[PDB]
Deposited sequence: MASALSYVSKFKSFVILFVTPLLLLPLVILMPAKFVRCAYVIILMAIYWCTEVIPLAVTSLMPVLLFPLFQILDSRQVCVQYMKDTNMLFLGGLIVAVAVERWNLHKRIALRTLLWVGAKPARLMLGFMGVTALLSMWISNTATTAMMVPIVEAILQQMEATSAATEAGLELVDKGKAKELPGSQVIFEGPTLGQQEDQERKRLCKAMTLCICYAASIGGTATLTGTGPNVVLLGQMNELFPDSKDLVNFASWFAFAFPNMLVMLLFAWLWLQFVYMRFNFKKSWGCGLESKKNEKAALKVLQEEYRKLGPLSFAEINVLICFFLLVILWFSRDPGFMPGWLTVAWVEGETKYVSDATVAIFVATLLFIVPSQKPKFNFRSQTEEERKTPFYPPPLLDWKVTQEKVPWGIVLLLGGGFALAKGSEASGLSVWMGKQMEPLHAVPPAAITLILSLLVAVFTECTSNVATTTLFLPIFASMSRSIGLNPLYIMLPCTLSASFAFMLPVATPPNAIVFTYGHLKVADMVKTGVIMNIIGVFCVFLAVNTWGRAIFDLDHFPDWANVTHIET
């Protein structure tokens, strides 16, 4: 069974060691790492460390040129975002925001589902999508204890909303960070063309329209009620009180978060040095000295180190670094130029079809693998193709990144779906039926976004000189 998945490649190492052309060796590396990505027999971060273990033997890079690539500005940006998210989770803040929103919108099962989806998307924009599901699903259970075709709807709404809302912030989730990293590496002359501001402008409207379509679809398939308008409130309120009053530390973390947002947007409404990573580190550092209590001599802070050592996806960081290393090795060996020399005859094809086909393919493929793995595997190929056919790479690379998060079925695809299914009445057939359509929805919305307004944001109708 699962033994061949790590012993069979040993057959090829003595065959590929000689192979008097390095792009073959890099290709074998990438294929092996993909096979391990899709199969979690071995973890992900572990496989992200293969490049240092393989590029040397294949005489591609040293252990220095490759290991230097495992931490760059993107990774520390993501790390700062994660730390801020940890501060938010530490104090039951996201629960307070959630309950306030739910009580404002009202308990009307239609508007109820709308509020759940909207707040889940807004929280997922910064707050580690799985965490939001963990926070919210107990609320749904508490509601429902007070139709087997209804529980499925809201339970799926949480996960779909989270996976969608994560695509509205450049931290958000892995794939967007991967896009930023590959843009920096493959296209360094594109110094700062895809930043937090521009990408947010591109993505947030797309997120909103996808969320609208999703709410409509899930209100169709499952729901084509005075107590549940009332006895749901008596649960929301009693859960609200348990948080207690406004909890002074919550205020300070909110202020720090607002400052982060303002600094990210403001710089980009000269010999620049001050990339967004500096801002993230600014606020993350600041989150260790602030008191969390009234000084009336600051014994108490609001964030210690032990929790953030416990609660941070470092494996994700190493995963990104593996992507960086793969891109560097491909650029060095000679594989990228080779692919760009094999994808020449696509010059006759309409690019819109290319974009749509590849986005659909990625949305399908991410439903078995992880999102970030899918992205970091696919993006360099599309980049080389775009360079070859006189096309702007972003045209292809943005929709792929937005699509890699479209894991709307297969609970193994993304943890949130697993968490939702763990509570029972969400038979996988329901998930597949409701997920394929939403994959299509997301693809169409993304294509609309790229061909409508992304043009002017990124100047996609012309062939930039930063893709020679």
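S.K.: Spell out the unmodelled ranges of the deposited sequence for me, N- to C-terminal, numbering from the first residue.
M.R.: Since the structure holds only modelled residues, the stretches it omits are 1-12, 159-200, 279-290, 336-349, 377-390, 563-568.
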